[PDB]
Amino acid sequence: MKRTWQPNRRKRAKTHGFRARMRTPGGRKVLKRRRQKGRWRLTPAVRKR
Amino acid sequence: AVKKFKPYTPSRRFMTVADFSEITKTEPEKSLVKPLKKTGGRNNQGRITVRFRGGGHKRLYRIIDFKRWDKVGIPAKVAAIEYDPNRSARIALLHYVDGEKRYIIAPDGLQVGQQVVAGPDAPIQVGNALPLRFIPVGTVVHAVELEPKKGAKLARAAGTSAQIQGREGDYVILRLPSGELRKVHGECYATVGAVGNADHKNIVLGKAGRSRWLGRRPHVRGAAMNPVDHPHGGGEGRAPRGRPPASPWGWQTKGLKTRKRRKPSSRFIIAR
RNA sequence: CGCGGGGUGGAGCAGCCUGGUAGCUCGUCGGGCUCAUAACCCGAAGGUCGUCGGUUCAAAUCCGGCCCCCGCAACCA
RNA sequence: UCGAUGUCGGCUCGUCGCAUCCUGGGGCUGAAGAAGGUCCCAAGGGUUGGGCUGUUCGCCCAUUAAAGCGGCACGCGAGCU
RNA sequence: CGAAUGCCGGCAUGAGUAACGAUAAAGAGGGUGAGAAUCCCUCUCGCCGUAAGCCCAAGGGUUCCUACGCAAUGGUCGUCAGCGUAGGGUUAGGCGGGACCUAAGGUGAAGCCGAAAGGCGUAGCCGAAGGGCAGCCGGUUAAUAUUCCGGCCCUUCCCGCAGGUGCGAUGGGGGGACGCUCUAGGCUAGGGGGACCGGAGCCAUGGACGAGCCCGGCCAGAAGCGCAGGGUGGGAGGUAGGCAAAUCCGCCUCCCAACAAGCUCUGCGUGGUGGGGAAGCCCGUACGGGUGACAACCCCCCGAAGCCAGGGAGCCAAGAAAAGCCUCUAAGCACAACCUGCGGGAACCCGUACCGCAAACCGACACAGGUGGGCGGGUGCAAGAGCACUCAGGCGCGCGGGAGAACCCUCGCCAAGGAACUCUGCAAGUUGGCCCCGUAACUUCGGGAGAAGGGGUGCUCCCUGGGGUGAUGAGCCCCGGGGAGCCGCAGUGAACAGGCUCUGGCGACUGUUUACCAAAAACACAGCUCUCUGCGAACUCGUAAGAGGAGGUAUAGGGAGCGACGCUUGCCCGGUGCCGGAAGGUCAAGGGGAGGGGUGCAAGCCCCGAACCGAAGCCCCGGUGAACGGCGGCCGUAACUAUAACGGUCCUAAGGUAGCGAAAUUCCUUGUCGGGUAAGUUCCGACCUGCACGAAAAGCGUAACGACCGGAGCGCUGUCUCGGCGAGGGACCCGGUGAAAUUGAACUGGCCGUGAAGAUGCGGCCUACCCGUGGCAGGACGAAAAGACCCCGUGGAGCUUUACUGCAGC
RNA sequence: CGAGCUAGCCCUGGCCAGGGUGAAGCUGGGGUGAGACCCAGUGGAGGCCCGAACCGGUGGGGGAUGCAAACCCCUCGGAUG
RNA sequence: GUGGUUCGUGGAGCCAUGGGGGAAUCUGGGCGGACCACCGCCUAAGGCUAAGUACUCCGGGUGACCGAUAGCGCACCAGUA
RNA sequence: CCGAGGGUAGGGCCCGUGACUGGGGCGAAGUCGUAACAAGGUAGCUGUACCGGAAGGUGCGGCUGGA
RNA sequence: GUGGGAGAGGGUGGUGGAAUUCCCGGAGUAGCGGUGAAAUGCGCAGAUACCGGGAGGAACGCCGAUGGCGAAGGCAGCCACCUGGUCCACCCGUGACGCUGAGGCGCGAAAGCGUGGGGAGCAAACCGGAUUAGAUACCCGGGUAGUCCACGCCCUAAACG
Ligand SMILES: NC[C@@H]1O[C@H](O[C@H]2[C@@H](O)[C@H](O[C@@H]3[C@@H](O)[C@H](N)C[C@H](N)[C@H]3O[C@H]3O[C@H](CO)[C@@H](O)[C@H](O)[C@H]3N)O[C@@H]2CO)[C@H](N)[C@@H](O)[C@@H]1O
Ligand SMILES: [Mg+2]
Ligand SMILES: [Mg+2]
Ligand SMILES: [Mg+2]
Ligand SMILES: [Mg+2]
Ligand SMILES: [Mg+2]
Ligand SMILES: [Mg+2]
Ligand SMILES: [Mg+2]
Ligand SMILES: [Mg+2]
Ligand SMILES: [Mg+2]
Ligand SMILES: [Mg+2]
Ligand SMILES: [Mg+2]
Ligand SMILES: [Mg+2]
Ligand SMILES: [Mg+2]
Ligand SMILES: [Mg+2]
Ligand SMILES: [Mg+2]
Ligand SMILES: [Mg+2]
Ligand SMILES: [Mg+2]
Ligand SMILES: [Mg+2]
Ligand SMILES: [Mg+2]
Ligand SMILES: [Mg+2]
Ligand SMILES: [Mg+2]
Ligand SMILES: [Mg+2]
Ligand SMILES: [Mg+2]
Ligand SMILES: [Mg+2]
Ligand SMILES: [Mg+2]
Ligand SMILES: [Mg+2]
Ligand SMILES: [Mg+2]
Ligand SMILES: [Mg+2]
Ligand SMILES: [Mg+2]
Ligand SMILES: [Mg+2]
Ligand SMILES: [Mg+2]
Ligand SMILES: [Mg+2]
Ligand SMILES: [Mg+2]
Ligand SMILES: [Mg+2]
Ligand SMILES: [Mg+2]
Ligand SMILES: [Mg+2]
Ligand SMILES: [Mg+2]
Ligand SMILES: [Mg+2]
Ligand SMILES: [Mg+2]
Ligand SMILES: [Mg+2]
Ligand SMILES: [Mg+2]
Ligand SMILES: [Mg+2]
Ligand SMILES: [Mg+2]
Ligand SMILES: [Mg+2]
Ligand SMILES: [Mg+2]
Ligand SMILES: [Mg+2]
Ligand SMILES: [Mg+2]
Ligand SMILES: [Mg+2]
Ligand SMILES: [Mg+2]
Ligand SMILES: [Mg+2]
Ligand SMILES: [Mg+2]
Ligand SMILES: [Mg+2]
Ligand SMILES: [Mg+2]
Ligand SMILES: [Mg+2]
Ligand SMILES: [Mg+2]
Ligand SMILES: [Mg+2]
Ligand SMILES: [Mg+2]
Ligand SMILES: [Mg+2]
Ligand SMILES: [Mg+2]
Ligand SMILES: [Mg+2]
Ligand SMILES: [Mg+2]
Ligand SMILES: [Mg+2]
Ligand SMILES: [Mg+2]
Ligand SMILES: [Mg+2]
Ligand SMILES: [Mg+2]
Ligand SMILES: [Mg+2]
Ligand SMILES: [Mg+2]
Ligand SMILES: [Mg+2]
Ligand SMILES: [Mg+2]
Ligand SMILES: [Mg+2]
Ligand SMILES: [Mg+2]
Ligand SMILES: [Mg+2]
Ligand SMILES: [Mg+2]
Ligand SMILES: [Mg+2]
Ligand SMILES: [Mg+2]
Ligand SMILES: [Mg+2]
Ligand SMILES: [Mg+2]
Ligand SMILES: [Mg+2]
Ligand SMILES: [Mg+2]
Ligand SMILES: [Mg+2]
Ligand SMILES: [Mg+2]
Ligand SMILES: [Mg+2]
Ligand SMILES: [Mg+2]
Ligand SMILES: [Mg+2]
Ligand SMILES: [Mg+2]
Ligand SMILES: [Mg+2]
Ligand SMILES: [Mg+2]
Ligand SMILES: [Mg+2]
Ligand SMILES: [Mg+2]
Ligand SMILES: [Mg+2]
Ligand SMILES: [Mg+2]
Ligand SMILES: [Mg+2]
Ligand SMILES: [Mg+2]
Ligand SMILES: [Mg+2]
Ligand SMILES: [Mg+2]
Ligand SMILES: [Mg+2]
Ligand SMILES: [Mg+2]
Ligand SMILES: [Mg+2]
Ligand SMILES: [Mg+2]
Ligand SMILES: [Mg+2]
Ligand SMILES: [Mg+2]
Ligand SMILES: [Mg+2]
Ligand SMILES: [Mg+2]
Ligand SMILES: [Mg+2]
Ligand SMILES: [Mg+2]
Ligand SMILES: [Mg+2]
Ligand SMILES: [Mg+2]
Ligand SMILES: [Mg+2]
Ligand SMILES: [Mg+2]
Ligand SMILES: [Mg+2]
Ligand SMILES: [Mg+2]
Ligand SMILES: [Mg+2]
Ligand SMILES: [Mg+2]
Ligand SMILES: [Mg+2]
Ligand SMILES: [Mg+2]
Ligand SMILES: [Mg+2]
Ligand SMILES: [Mg+2]
Ligand SMILES: [Mg+2]
Ligand SMILES: [Mg+2]
Ligand SMILES: [Mg+2]
Ligand SMILES: [Mg+2]
Ligand SMILES: [Mg+2]
Ligand SMILES: [Mg+2]
Ligand SMILES: [Mg+2]
Ligand SMILES: [Mg+2]
Ligand SMILES: [Mg+2]
Ligand SMILES: [Mg+2]
Ligand SMILES: [Mg+2]
Ligand SMILES: [Mg+2]
Ligand SMILES: [Mg+2]
Ligand SMILES: [Mg+2]
Ligand SMILES: [Mg+2]
Ligand SMILES: [Mg+2]
Ligand SMILES: [Mg+2]
């Protein structure tokens, strides 16, 4: 059947990107938490040009 | 007149379509004056706030003239009468000698080629606009302003009118389509005649689809729902209500008057 | 089986809960009116209060046990 | 037996008890014969096909030597429905 | 530490067990190799072929090409690989994206709002498979190419020279610019045919040296033409509108046009040049190379859904924006500038490999699932993207080999009987395409209808009739009709392709829903009715601002119910709701102080505090049922009995009318007649004693409609009597890889007892050499899930209201 | 933190072979005082019919440590809304 | 009308205060738990102000702290796979 | 080829029959009430419409076969 | 044909006042209504009665008749338009064109039906109050369809002279 993962680079970027997270206090805290944690990747890596 | 069909299909046996014979050879509209992009959307910034809206034909807005006092004294020739997707009435395309082209909402009896004009001057004829004062008591009228210089707001639906009843210092009394008795300021413009397309009420949609074409989504009964959804939801195999009939939001829907009492508008109203 | 409602002249109903007196209606009987009958009028009688028992100074009336009458319930399986 | 014993009826397969429906053996009979009634021995084998109902049962249809009762977790769902 | 269905780990059992992922299928010879069913090569075979073939987009991201490799990954093997090591490989002014535009939406200076964080928010900005925009055809690489190279062709920009003109904008206007369905003409794509032109070869096995078989007979292309079509009127005056201005546009007014004549713009045809070019055969490659060839490269036909495109015609639901483009002027500039022609010079950034219906994307897997767009050849079946076969192209689905038991899946066939099977004809059968006869009740006059039931269907020869395209003829192509005749069991000879009726229920109907057990009679629906709302509407979301409603205005918008259509919807307003009542009763804060207390020496200061004044709500008075709801008991009575039109009485707010009625409703019940049957708890018609119908939670009907539910009959069958044979895939045996839940340990028999009451394990007796293998499924209260019912717990949640208590709201 | 599954709405694009039946409306004829209306012919309507793609998920069987945490075979509904 | 305080409307002050009314400048004002007298204490409606105190990313010392199933999640290129 | 007739299939008229049901005819002395004939104690009749155990009543218009 | 006349003859548009009902204002107090008599009912929440104002619907008093017109059903305030029939004078033109009329076709009171509109009075149904033995009636107080209009149906009558 159709599963739940339907990859889209634009969506992944607009949805979970560094700039989206930065836009709101909710998201800014996510970066803070991930930084303090020592996460190698703050936001998902969306590729291609 | 109303177009009628033979039952060559079920739902074609009741279906019924407007007569478009008053639609003069001018079916597609007029750029310049109108159209605008019209912005379909069944809801506010976010959430739906009027249920069951959506779908249905794309539209172009015809930006019509609801304040006729710009062109006081300037007459215009009625050039055409065309279909307007965004109202029950039809609209008149008129050419002002000025050059300017406006649409007026098209009254019953309006003929193409006719002369029409607005102002204190203005022969009392179908199509003309006047401040309510100079209009003879008892004449039927439409596109009436509520307060002066604020635009036509009463009687624009197809086949509607108001009748002038009497006067009272600065106000003339109106009898509105609903039957209400209203004091409306003398200085309010209103155009003589009834609205026309009066056979609008006689049309039978005929099937579900037609409803959808006009963007009317299926309306579901409270009875059909559940207690979470509606006061009428549940219980077992059908149910008669079990309380005084209500809206989904709990207010009673048979009888409960809802106009706020202390409206300052009150001292200008005399009926139902 | 459990639940609670009734048994009052010939018929249908009051009366009880706040015991002490059984009343209304109809029908029955005698008298009248009419040529006559019905209607009307004037008068008149008729109830061991379902049946056993005590409760009491006294039970239609309060309390128990049976007697038929009516209405309710009888559910998860 | 609730850290589960699947619960009606049908179906397949059975198998047992006899307080025996049929067939064998009998006694009494208000047993002439034939046919019954009834009781006593006896389970070795038998114990049909349908209409209606989920039905068990039952009621009919047409036959029969007869159209037996009951147990086996209202036998049988790691066999079916 | 021994138990916590404990935690983490390791290793056992089941077990050499089930499996090895589509039943599209394989065999052999030769190579390589330490080692081959599996790797390369060849021959033969089978499978896709509106794909299982090629081209995009998304997503993936080294998976591409090559050398050397086989420990692992591959469901076996592997010399192979999408795997391991290394190296190479993606070339653009013209394709796509960006230095262009705007959509919903986002963002957002002005502005408004919010305890904060933040929420709105016109102008502008951002935002794309939408608008705008200049590249076609061939060649070379192991791997890239509309990117390189070849030929032919364009686009901007910047500086020049040459000629024209009032040039000039983010501002005006015009255009871009828009639906659906049906379409005409002329073409192109693609396809068929050819005695003609080009070709290696070919006569097989009885015949054919022949218009014989086989292969192939194009591609691109500026100008100028040619054909088809798209667009457009030209003058002059007046001008108060397009938010400054206008020579523009708009509105009047006259003349000329009414035509595509003329202007331009597309597409196609031709085009200077350029390019490709088969089968076969010989080569050594994994693959591509030469030869055929100096290839030929020509006529006929069919022909689009594609091109001309902003084409036309009808309809109602009435069909984006902005820029590029044309123009009009404004400031300003007019030694500037802009247009046209020519020259030279400038033209950046990112993507470009490969997979791409799948072994590289989404599903933990090399997964039988999912995944948008374009091409998708031929022949035959009426047609088509259907179906059968087959081009090109691509596969034989990464375990094999044997055997030929039960039993299972998938299939085929059956005497006689045809529903007896069964909860049901569940399933399976029959039927099946086209043409032609031929068709009922009913009906809203459409339909019912493919009603039913029928016949025709091939091939041969003769005669004969319309078109199409060609000239009016030839052919090639599409449709017809008539007449003889041949053959078979059988002619849509294979494949795709209704079983038909009758009568009830429910719902009108197409529609919609429980993604992953219910598709319905539930939802919706047109339509009907009630009720709210006069517009800063009611209603909804948000504290707000604000937005929806709606850029709507009572023929409009919200809420409820009912649900096409026909005939209809009775009576009760006592209770509850809703509505309407300047009276009255009651009523909080506050107004009011008659009056009483606390202090003080007093002036004072501080409390209590009754009259009466005080809203809405209630109470009370009214109305209202397509508002919540409701719509009776008993006793008698007719000249056969029976029965009760008739009466008496109690009670009510009023006591169910019509129309249905043992029902989707009927307990007693298989009610009672009647029909269908040999037989009928079901079905159909009736009676009515309606446990417990009933009129908009609508009542009684209704043609048509339905994967809805019930009953009946015909037709037909393996459903059955009642089985039997046959096929393929497994099962079984050999080689290879090889799991699982489960498991206190086990050396694990019957009966009769007994035991916590159903024993392999206790008692007595009975039987029983040790161990396996294919099978059946009675038992181990077998496995699986801390029972889903039940009850408990002062455990939890969703729900309702005249439970309490608050809160938003009014 | 989630509408990359799903539920609706908005904006922009796309897809729906091939047949059937043949409404209005025109056109001619008939009819009439003018009509209505009736005939053909044309016309090409429709939550219309058959049937692919495509969107479904009706009935049965299979599958059930599956190929699959919804699948496969036969069968069925819609397919210009 | 509320918060703060041991204070939950209590006899409820004091300190903060959203709403209404609304003074004085020392013979002025507040408080000393309703209030009033008396006796006392402070001087509101402007601000600033070390130190003693809290913490422990980071460096150092020390442990009747662990010693690779412990000790931080990580002794190991871990907020990695 | 035709063709008596036989078979399958579907329609047309007619007759018989049917639980049950509708109203109808006739049947000496059954119940109910009084509609009509006298102005019939509400003038009557009437088409239509609703309602009622029943004659009947009533609404609207009409008639004189009444005042 | 020529020239005249009477008419509630038909259709559409427009319009006048009287009266009833309701709302509003004034003034006004204890009953009004109704009948054979009563009661339901209306009214101190201010009725009836009177004044003034507004709204709306239907019907046109006097003239009016024993009258006029129409083929019938029918048709009545007033105005205009559109329009049918008809009588009279003259004897002007035609020149038998004549009468009836199966079917067909139109017309057709009232009540009723459809969709829309309107609704003042009245008024089937219905509810009450009296009268009755009962009264689903007569009388009384309410009241819905309807009566009114546009259009479409219906087609019957004591459509009677
Ligand atoms: N022939 C009379 C027709 O039927 C009806 O009349 C019938 C009934 O009304 C009538 O019934 C009458 C009754 O009215 C009257 N008051 C009492 C009488 N005993 C009855 O009588 C009836 O029954 C008896 C006995 O059985 C018979 O002998 C007698 O013939 C018969 N008429 O009997 C008639 C049938 O015979 C209509 N009313 C009348 O208009 C119609 O024309
Ligand atoms: Mg525009
Ligand atoms: Mg947002
Ligand atoms: Mg609904
Ligand atoms: Mg529900
Ligand atoms: Mg709720
Ligand atoms: Mg609720
Ligand atoms: Mg129910
Ligand atoms: Mg409810
Ligand atoms: Mg339960
Ligand atoms: Mg248990
Ligand atoms: Mg256990
Ligand atoms: Mg024995
Ligand atoms: Mg014997
Ligand atoms: Mg047995
Ligand atoms: Mg049993
Ligand atoms: Mg038992
Ligand atoms: Mg059992
Ligand atoms: Mg089972
Ligand atoms: Mg222990
Ligand atoms: Mg352990
Ligand atoms: Mg373990
Ligand atoms: Mg095993
Ligand atoms: Mg085995
Ligand atoms: Mg195996
Ligand atoms: Mg395999
Ligand atoms: Mg090797
Ligand atoms: Mg094939
Ligand atoms: Mg790699
Ligand atoms: Mg490779
Ligand atoms: Mg190699
Ligand atoms: Mg391997
Ligand atoms: Mg694998
Ligand atoms: Mg590699
Ligand atoms: Mg740049
Ligand atoms: Mg940009
Ligand atoms: Mg932009
Ligand atoms: Mg925008
Ligand atoms: Mg924002
Ligand atoms: Mg673009
Ligand atoms: Mg480009
Ligand atoms: Mg490649
Ligand atoms: Mg210029
Ligand atoms: Mg511009
Ligand atoms: Mg512009
Ligand atoms: Mg030979
Ligand atoms: Mg060319
Ligand atoms: Mg200007
Ligand atoms: Mg070559
Ligand atoms: Mg077009
Ligand atoms: Mg712009
Ligand atoms: Mg490339
Ligand atoms: Mg590529
Ligand atoms: Mg594809
Ligand atoms: Mg594989
Ligand atoms: Mg796959
Ligand atoms: Mg797909
Ligand atoms: Mg075909
Ligand atoms: Mg094709
Ligand atoms: Mg195919
Ligand atoms: Mg057989
Ligand atoms: Mg046979
Ligand atoms: Mg048969
Ligand atoms: Mg049977
Ligand atoms: Mg059986
Ligand atoms: Mg059946
Ligand atoms: Mg079947
Ligand atoms: Mg059926
Ligand atoms: Mg049916
Ligand atoms: Mg349905
Ligand atoms: Mg679905
Ligand atoms: Mg489901
Ligand atoms: Mg379905
Ligand atoms: Mg909101
Ligand atoms: Mg708004
Ligand atoms: Mg809006
Ligand atoms: Mg509405
Ligand atoms: Mg409903
Ligand atoms: Mg319903
Ligand atoms: Mg219904
Ligand atoms: Mg009702
Ligand atoms: Mg009530
Ligand atoms: Mg009430
Ligand atoms: Mg009331
Ligand atoms: Mg009230
Ligand atoms: Mg009050
Ligand atoms: Mg019954
Ligand atoms: Mg019932
Ligand atoms: Mg049968
Ligand atoms: Mg029977
Ligand atoms: Mg029977
Ligand atoms: Mg019901
Ligand atoms: Mg109801
Ligand atoms: Mg359906
Ligand atoms: Mg079989
Ligand atoms: Mg086999
Ligand atoms: Mg093996
Ligand atoms: Mg042993
Ligand atoms: Mg035992
Ligand atoms: Mg032992
Ligand atoms: Mg033992
Ligand atoms: Mg077992
Ligand atoms: Mg078991
Ligand atoms: Mg178990
Ligand atoms: Mg438990
Ligand atoms: Mg408790
Ligand atoms: Mg036609
Ligand atoms: Mg069509
Ligand atoms: Mg369709
Ligand atoms: Mg299902
Ligand atoms: Mg279909
Ligand atoms: Mg406090
Ligand atoms: Mg103080
Ligand atoms: Mg102090
Ligand atoms: Mg102090
Ligand atoms: Mg400080
Ligand atoms: Mg560790
Ligand atoms: Mg260690
Ligand atoms: Mg008959
Ligand atoms: Mg009879
Ligand atoms: Mg009478
Ligand atoms: Mg009488
Ligand atoms: Mg009388
Ligand atoms: Mg009458
Ligand atoms: Mg009456
Ligand atoms: Mg003469
Ligand atoms: Mg003469
Ligand atoms: Mg005549
Ligand atoms: Mg009438
Ligand atoms: Mg209607
Ligand atoms: Mg009245
Ligand atoms: Mg009397
Ligand atoms: Mg009355
Ligand atoms: Mg009539
Ligand atoms: Mg007369």
# chains A, B, ... in the order shown; residues from 1 in each chain; ligands from 1
$ interface_residues --of "chain A" --to "chain G" --cutoff "10 Å" --atoms "only C-alpha atoms (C1' of nucleotides)" --output "PyMOL selection string"
chain A and resi 34+36-40
$ residues_near_ligand --ligand "ligand 62" --cutoff "10 Å" --atoms "only C-alpha atoms (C1' of nucleotides) and all ligand atoms" --output "ChimeraX atom specification"
/E:414-418
$ write_last_selection --atoms "N, CA and C atoms (P, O5', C5', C4', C3', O3' and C1' of nucleotides)" --output "PDB file, in the first residue's frame"
ATOM      1  P     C E 414     -18.301 -32.730 -18.811  1.00  0.00           P
ATOM      2  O5'   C E 414     -18.646 -34.082 -18.031  1.00  0.00           O
ATOM      3  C5'   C E 414     -18.738 -35.304 -18.749  1.00  0.00           C
ATOM      4  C4'   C E 414     -18.832 -36.541 -17.881  1.00  0.00           C
ATOM      5  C3'   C E 414     -20.087 -36.720 -17.043  1.00  0.00           C
ATOM      6  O3'   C E 414     -21.130 -37.239 -17.839  1.00  0.00           O
ATOM      7  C1'   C E 414     -18.139 -37.426 -15.837  1.00  0.00           C
ATOM      8  P     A E 415     -22.668 -36.949 -17.518  1.00  0.00           P
ATOM      9  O5'   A E 415     -23.329 -38.364 -17.816  1.00  0.00           O
ATOM     10  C5'   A E 415     -22.652 -39.327 -18.612  1.00  0.00           C
ATOM     11  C4'   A E 415     -23.242 -40.703 -18.431  1.00  0.00           C
ATOM     12  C3'   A E 415     -24.649 -40.731 -17.846  1.00  0.00           C
ATOM     13  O3'   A E 415     -25.625 -40.706 -18.871  1.00  0.00           O
ATOM     14  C1'   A E 415     -23.224 -42.147 -16.585  1.00  0.00           C
ATOM     15  P     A E 416     -26.647 -39.479 -19.037  1.00  0.00           P
ATOM     16  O5'   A E 416     -27.774 -39.838 -17.976  1.00  0.00           O
ATOM     17  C5'   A E 416     -28.297 -41.153 -17.943  1.00  0.00           C
ATOM     18  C4'   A E 416     -28.951 -41.472 -16.629  1.00  0.00           C
ATOM     19  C3'   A E 416     -29.618 -40.325 -15.908  1.00  0.00           C
ATOM     20  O3'   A E 416     -30.857 -39.964 -16.483  1.00  0.00           O
ATOM     21  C1'   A E 416     -28.395 -41.602 -14.362  1.00  0.00           C
ATOM     22  P     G E 417     -31.274 -38.415 -16.566  1.00  0.00           P
ATOM     23  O5'   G E 417     -31.383 -38.007 -15.039  1.00  0.00           O
ATOM     24  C5'   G E 417     -32.431 -38.541 -14.274  1.00  0.00           C
ATOM     25  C4'   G E 417     -32.331 -38.143 -12.840  1.00  0.00           C
ATOM     26  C3'   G E 417     -32.401 -36.666 -12.554  1.00  0.00           C
ATOM     27  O3'   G E 417     -33.708 -36.164 -12.663  1.00  0.00           O
ATOM     28  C1'   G E 417     -30.725 -37.656 -11.223  1.00  0.00           C
ATOM     29  P     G E 418     -34.007 -34.989 -13.703  1.00  0.00           P
ATOM     30  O5'   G E 418     -34.766 -33.939 -12.813  1.00  0.00           O
ATOM     31  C5'   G E 418     -34.193 -32.663 -12.641  1.00  0.00           C
ATOM     32  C4'   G E 418     -33.263 -32.619 -11.459  1.00  0.00           C
ATOM     33  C3'   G E 418     -32.813 -31.209 -11.137  1.00  0.00           C
ATOM     34  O3'   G E 418     -32.714 -31.033  -9.736  1.00  0.00           O
ATOM     35  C1'   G E 418     -30.927 -32.524 -11.650  1.00  0.00           C
TER      36        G E 418
END
$ residues_near_ligand --ligand "ligand 7" --cutoff "10 Å" --atoms "only C-alpha atoms (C1' of nucleotides) and all ligand atoms" --output "PyMOL selection string"
(chain B and resi 226-234+243+246-250) or (chain E and resi 799-801)
$ atom_distance --atom1 "atom CA of residue B:193" --atom2 "atom CA of residue B:139"
8.1 Å
$ residues_near_ligand --ligand "ligand 67" --cutoff "10 Å" --atoms "only C-alpha atoms (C1' of nucleotides) and all ligand atoms" --output "NGL selection string"
(:E and (425-429)) or (:F and (59-60 or 75))
$ write_last_selection --atoms "C-alpha atoms (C1' of nucleotides)" --output "PDB file, in the first residue's frame"
ATOM      1  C1'   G E 425     -27.911 -22.282  -5.515  1.00  0.00           C
ATOM      2  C1'   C E 426     -22.453 -20.307  -0.894  1.00  0.00           C
ATOM      3  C1'   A E 427     -19.606 -21.990  -4.812  1.00  0.00           C
ATOM      4  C1'   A E 428     -19.533 -23.624  -9.454  1.00  0.00           C
ATOM      5  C1'   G E 429     -22.204 -23.878 -13.842  1.00  0.00           C
TER       6        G E 429
ATOM      7  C1'   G F  59     -19.285 -12.455  -2.956  1.00  0.00           C
ATOM      8  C1'   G F  60     -16.357 -16.746  -2.524  1.00  0.00           C
ATOM      9  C1'   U F  75     -16.001 -12.097  -9.156  1.00  0.00           C
TER      10        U F  75
END
$ residues_near_ligand --ligand "ligand 71" --cutoff "12 Å" --atoms "only C-alpha atoms (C1' of nucleotides) and all ligand atoms" --output "list in words"
residues 512, 513, 514, 515 and 519 of chain E; 55, 56 and 57 of chain F
$ write_last_selection --atoms "C-alpha atoms (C1' of nucleotides)" --output "PDB file, in the first residue's frame"
ATOM      1  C1'   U E 512     -21.115   8.704   0.688  1.00  0.00           C
ATOM      2  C1'   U E 513     -19.097   5.771   5.204  1.00  0.00           C
ATOM      3  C1'   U E 514     -16.662   2.158   9.763  1.00  0.00           C
ATOM      4  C1'   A E 515      -8.001   3.202   5.878  1.00  0.00           C
ATOM      5  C1'   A E 519     -21.239  -0.449   2.136  1.00  0.00           C
TER       6        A E 519
ATOM      7  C1'   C F  55     -10.946   5.401  -8.707  1.00  0.00           C
ATOM      8  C1'   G F  56     -13.186   1.221  -5.879  1.00  0.00           C
ATOM      9  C1'   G F  57     -13.621  -2.841  -2.531  1.00  0.00           C
TER      10        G F  57
END
$ residues_near_ligand --ligand "ligand 75" --cutoff "8 Å" --atoms "only C-alpha atoms (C1' of nucleotides) and all ligand atoms" --output "ChimeraX atom specification"
/E:547-550
$ closest_atom_pairs --of "chain E" --to "ligand 79" --cutoff "12 Å" --atoms "only C-alpha atoms (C1' of nucleotides) and all ligand atoms" --output "tab-separated table"
residue	atom	partner	partner_atom_place_in_ligand_line	distance
E:506	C1'	ligand 79	1 (Mg)	11.0
E:507	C1'	ligand 79	1 (Mg)	8.8
E:521	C1'	ligand 79	1 (Mg)	9.2
E:522	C1'	ligand 79	1 (Mg)	8.2
E:523	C1'	ligand 79	1 (Mg)	9.0
E:524	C1'	ligand 79	1 (Mg)	10.4
E:525	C1'	ligand 79	1 (Mg)	11.6
E:561	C1'	ligand 79	1 (Mg)	10.9
E:562	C1'	ligand 79	1 (Mg)	8.4
E:563	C1'	ligand 79	1 (Mg)	7.2
E:696	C1'	ligand 79	1 (Mg)	11.4
E:697	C1'	ligand 79	1 (Mg)	9.1
E:698	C1'	ligand 79	1 (Mg)	10.6
$ residues_near_ligand --ligand "ligand 119" --cutoff "12 Å" --atoms "only C-alpha atoms (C1' of nucleotides) and all ligand atoms" --output "PyMOL selection string"
chain H and resi 14-18
